[PDB]
Amino acid sequence: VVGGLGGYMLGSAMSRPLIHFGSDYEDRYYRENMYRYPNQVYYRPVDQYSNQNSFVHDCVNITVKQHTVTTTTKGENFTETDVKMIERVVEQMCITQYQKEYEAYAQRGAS
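Residues numbered from 1 in each chain as written, not as in the entry; some residues may be left out. Heavy atoms only, no water.

The deposited coordinates for this entry were obtained by solution NMR.

A.B. asks: With reference to specific residues and values, describe the overall build of the protein chain.
C.D. replies: Counting its regular elements, the protein chain contains 3 helices and 2 strands. Scanning the protein chain from its N terminus toward the C terminus, one meets helices and strands in the order β-α-β-α-α. Considered along the principal axes of its C-alpha atoms, the protein chain spans approximately 40 × 35 × 25 Å. Classification of the 111 residues of the protein chain by burial places 29% in the buried group. Within the protein chain, contacts between residues at least 6 apart in sequence are counted, and of these 69% link residues at least 24 apart. Working note: accessible area of the protein chain is about 7,800 Å², and carbon and sulfur atoms make up 44% of it. In the protein chain, which carries 11 positive and 13 negative side-chain charges, the distance between the mean positions of the two groups comes to 4 Å. (Helix = DSSP H or I, 4+ residues; strand = E, 2+ residues; numbered from the N terminus. Buried < 20%, exposed > 50% of the residue type's maximum accessible area, 1.4 Å probe, protein only. Contact = heavy atoms within 4.5 Å. Areas by Shrake-Rupley, 256 points an atom, 1.4 Å probe, with all protein chains shown as cover. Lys, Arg positive; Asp, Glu negative; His and termini not counted. Charge placed at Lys NZ, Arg CZ, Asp CG, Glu CD.)

A.B. asks: Describe helix α2 (residues 53–72), naming the residues involved and giving the relevant values.
C.D. replies: Its 20 residues place the ends of α2 27 Å apart at the C-alpha level, agreeing with the 28 Å of an ideal helix rising 1.5 Å per residue. Among the residues making up α2, those that are buried are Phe55, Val56, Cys59, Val60, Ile62, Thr63, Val64, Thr68 and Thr71. Buried residues belonging to α2 abut β2 (42–43) and α3 (80–105). (Expected span 1.5 Å × (residues − 1).)

A.B. asks: A description of the environment of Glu87 should follow, citing residues and the corresponding values.
C.D. replies: Looking at the element boundaries, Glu87 is found in helix α3. Each C-alpha atom of the pair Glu87 and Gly75 lies 20 Å from the other, and the pair is 12 residues apart in sequence. With near-sequence residues (within four places) excluded, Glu87 lies in contact with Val60, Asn61 and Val64.

A.B. asks: Lay out the UniProt feature "disulfide bond" in the protein chain in plain terms, naming residues and giving numbers.
C.D. replies: A sulfur gap of 2.0 Å between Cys59 and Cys94 means the disulfide that UniProt records is present in these coordinates. Of this pair, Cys59 sits in helix α2 while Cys94 sits in helix α3, and the two are 35 residues apart along the sequence. A relative accessible area of 0% means that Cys94 is categorised as buried. (Disulfide = S-S within 2.5 Å. UniProt positions renumbered as here; feature names shortened; annotations may be inferred.)

See below:
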């Protein structure tokens, strides 16, 4: 199990995000299963933890890991594209997560 990441929390929730992958079918291969994704993501404070860039890639990984171990405990492994299907969503949801901090870290944060 996990149980001591550092400063992380779970949020509250959101909806599913909308990502336009590039291809017409990439835009759908994720959508045809989107209900399998959660409403939350795990995240930590900003406190300038290596920009947003070298936080969001750590952020996604901490959430994707559970969707991983849920199935990888069997040993079905995970391809590069199947993680990317998830992590397009975990990026969006993580950025939304962090944007509630961004207003206070920045000045406005806007939307």
